[PDB]
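Letters are used for the chains, namely A, B, C, D, E, F and G, taken in the order the chains are written, and counting of residues starts over at 1 for each.
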Amino acid sequence: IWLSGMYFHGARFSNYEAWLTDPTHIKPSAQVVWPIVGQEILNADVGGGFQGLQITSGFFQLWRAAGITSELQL
Amino acid sequence: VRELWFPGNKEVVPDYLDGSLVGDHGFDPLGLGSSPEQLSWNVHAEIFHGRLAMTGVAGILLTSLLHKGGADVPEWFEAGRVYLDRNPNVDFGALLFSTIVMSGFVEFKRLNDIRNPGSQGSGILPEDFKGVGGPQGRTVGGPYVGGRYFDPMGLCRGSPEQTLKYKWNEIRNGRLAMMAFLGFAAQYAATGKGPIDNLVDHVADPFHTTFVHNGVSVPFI
Amino acid sequence: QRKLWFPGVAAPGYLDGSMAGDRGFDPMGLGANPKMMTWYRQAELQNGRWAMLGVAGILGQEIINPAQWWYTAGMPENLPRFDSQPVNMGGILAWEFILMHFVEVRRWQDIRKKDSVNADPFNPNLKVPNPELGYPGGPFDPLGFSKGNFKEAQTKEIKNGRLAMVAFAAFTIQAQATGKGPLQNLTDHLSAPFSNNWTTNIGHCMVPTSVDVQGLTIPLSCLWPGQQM
Amino acid sequence: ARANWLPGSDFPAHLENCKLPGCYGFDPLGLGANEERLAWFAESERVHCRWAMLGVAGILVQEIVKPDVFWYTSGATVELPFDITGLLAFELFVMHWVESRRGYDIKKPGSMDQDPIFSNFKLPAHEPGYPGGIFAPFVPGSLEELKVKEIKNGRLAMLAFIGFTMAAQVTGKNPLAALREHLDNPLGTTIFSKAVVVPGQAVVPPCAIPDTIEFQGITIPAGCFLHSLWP
Amino acid sequence: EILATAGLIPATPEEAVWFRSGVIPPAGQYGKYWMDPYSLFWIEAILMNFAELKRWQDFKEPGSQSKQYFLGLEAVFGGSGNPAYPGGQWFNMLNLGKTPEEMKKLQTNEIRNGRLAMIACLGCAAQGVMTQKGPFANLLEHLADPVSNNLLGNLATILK
Amino acid sequence: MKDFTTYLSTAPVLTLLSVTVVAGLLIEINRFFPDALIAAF
Amino acid sequence: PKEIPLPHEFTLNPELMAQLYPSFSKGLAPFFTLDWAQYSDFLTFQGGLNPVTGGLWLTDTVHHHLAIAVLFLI
């Protein structure tokens, strides 16, 4: 279930597709927060026209090594 | 004994479903009516849902037929918006409040009847609103309310065989109408057209007009 | 019974052999129910008699009017004219619907309760003596071809009806696959059987997708998904 | 009895020993299963029979005497000697009085049998739905056969009125006019000749009645009875 | 493939292969059916659901499947002691194998033929993946040159 | 069904459901009425 | 990334995969003939890291997984 959640978040709330085109400047992000009490500030400008929390789990690198490329595969 | 929702397999048939209830086929794999009071509540909910679904489906079908003929009758998925547009003097909140209040009055009458089977057949109401019972061996109240107002033609008054046949007709039609409303919602969400529209487009071209060609059920197709 | 449809098959218990044409068939068990067996027997008699009339009519019209194809003999432009009245398929359907409805309701009522509608609605004295279901007799048997061995004649009728049903299915498939009449198909096969058989004709639907009947479009289709000519 | 709506069938249990006139055992839905409901429906059927007979006779006579006036639109094209409002009010008042008396007589047999103005006059004892006395000063034959005749003629009149309204909505002509039109071409004037539905196409005859009619200063709907449901 | 190789059907031998009928769209598909394969699978799922579920219920309860009404067909669903051999009025129309010894012999024939067919199906799948052709084509090519056309000779080209 | 409803009535299940309902209500109150520093009536 | 062929186009097409790795034009024949050296293009033992991505050579990882798989199976 945890793995499914990781893949789903990387496929719907991430910038993996944009990160593939620029993996050295775009910071990986796979979490988006809702705007409720000013917490939307946590949605950093990671890059590629995306806003979210910077992740450090290394899932983007793993997926790239596996040749995921697209979000449909995730 | 009686026909089951799955020929053979008496293990899946629950013990509380002995066949006395109308429309009983031993269907309850999840055991949602294991408790007696829960079973009674579910019986009331099922008959109410069937009647409501039949009324809604009949209205939707008639409005769709009128819309196809050229009448100024909008579709079911847009009837509310259309009516609100042609009547700009009717506040939406006011209509919602009025609907909730009137429905609350009748629903509270029915609710008190559910709590006390024969408590609404007096006071500001005649004995006709007391109910005839049926489920769980009850002889008063329940979803089957006889009288001269909820049964003016007296179809359930006289010959128990006719009453049983009509009760089975009602429950079967209610279940069919519930499934029909579910299909209406799914078809509208997949194709974006009404029921009659889908039926005529399918009859005109049987193959190439199935759920696989709507682009929603089968995403890659 | 004695001889069955297949060598060594076990005839079902309910197929004793009393009924005409009983060859111990019924591999689906549709006759295990007595009431359903009676209804199916009535349906078999009706289908066999109608198939006999249809096959005889198709063959007769092909012999007398070979220029007209039985498959398309129903279009309004091919309907023979006997008077100056206009051609209206709806009007013709009205007569047939009313008369057929009346006669079929009478037969149905007889099936429900035997000898219940055996009397004339106007003259109670005039009665139809039907010894069994599907065999009214009386006015329906003016020549009196019964009286004698009734079971033998019944067997002949049921066998002829079954043969006619098979023949009608054959006529339909042959017309949809070749676009000709049964006699025409038989003649063509006798000329070049190696090149005019079911192997070459099958897979072709020689019938248009739809037909225009005085404005009304009737969707047409073969009995099997052919190549649409 | 031997007179059955379906020869060879069996009369329903509630319709057995049925003493009502014109009782041929027709009740597939069992609407007459209840005894009280059966009597109420009998009174309703008798009143419908008489009203339909009067209406059909009036429509036929109006068409014969005045063939240039459409019975369907006669409500708004006749030129009333009085006013529509006053006429409707007067009719409603008198109809309320007579209908209330009749309905109460059905609910309670001898409750509405005395003259309120002249105490000396009183309707003699009778059966529900058949007043008699001053209402039947001439009876040519036995009452039972005449009752059967009345019920049968009333049923035929109801069917005739429905046919009249449907023919007026489909053809826009009067009863005899539609009959003459059908006689000039029987194979082309039937409902099967104008309407037909098939899996893929449907032919629906156009409405011969205007969508709306203008009466006085307002507009009245008056269209077609479920045109979208027409074949 | 055999009928197409002889020209009996209007399909080329390379188009009549079993893995190109539409079962695997990537490997090829026949787009001339009366309706698309997905809807065909929908009908297939409903029909097979009915048949397989009734068979399973009979396996669980041998006496069932012949009690509930099923358009009159339930009269031939009584089965027998062995779930694999119902052979009633329909499953054993011709009444073949009247004696127990004859039935045992026929059952042995059925088991041996089925095992050979299982092995053959697996072989057909493997050959199709490694030769990209049909079973009949593989057999003919092997007959033409057996020393060259075989498993060892086809190792160089497996998906070409 | 009775046992299931009894399990749903246990202290942990009821505590989590009550906390979730209260948190959801507060979140929606702050979503529709945000930045409520004082009780301005 | 949107221009690279899909994974199945590489898994079931030895021609394209051969265009990327020429040793694949020989199929599985070298593996069964004990001439594994032919597979040295995609089964390397380089070392270090890929100068473009900064990670280990995927060919080296493939060779590593194959070797450990044989060892574990034995």
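Going forward, a residue touches a chain if its C-beta (ideal position, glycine included) is under 8 Å from a C-beta of that chain, and two chains touch if they have at least 3 such contacts.
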item: Chain E and chain C - chains in contact with each; value: none
item: Pair joined by more contacting C-beta pairs (B-E or E-G); value: B-E
item: Mean-CA-position distance for chain D and chain B (Å); value: 35
item: Interchain centroid distance [CA atoms averaged], chain B/chain C, Å; value: 44
item: Between chain D and chain E, centroid-to-centroid distance (C-alpha), Å; value: 68
item: Rounded Å distance between chain D and chain F, as computed from the means of their C-alpha atoms; value: 64
item: Where chain E touches two or more other chains at once, by residue number; value: 34, 74
item: Pairwise chain contacts under the document criterion; value: A-F, A-G, B-D, B-E, B-F, C-D, C-E, E-G
item: Residues of chain A that touch chain F when the two form their complex; value: 36-37
item: Chain G residues touching chain A - in the complex, by the definition given at the top; value: 1, 4, 7, 55, 58
item: Of all residues in chain B, those that touch chain D in their complex; value: 65-66, 68-69, 71, 153-155, 157-159, 162, 203-204
item: Footprint of chain C on chain D - complex, ascending; value: 6-10, 185-188, 190, 192-194, 196, 198-201, 203
item: Complex contacts: residues of chain E adjacent to chain B; value: 34-36, 38-39, 42, 53-54, 57-58, 60-61, 63-65, 67-70, 74
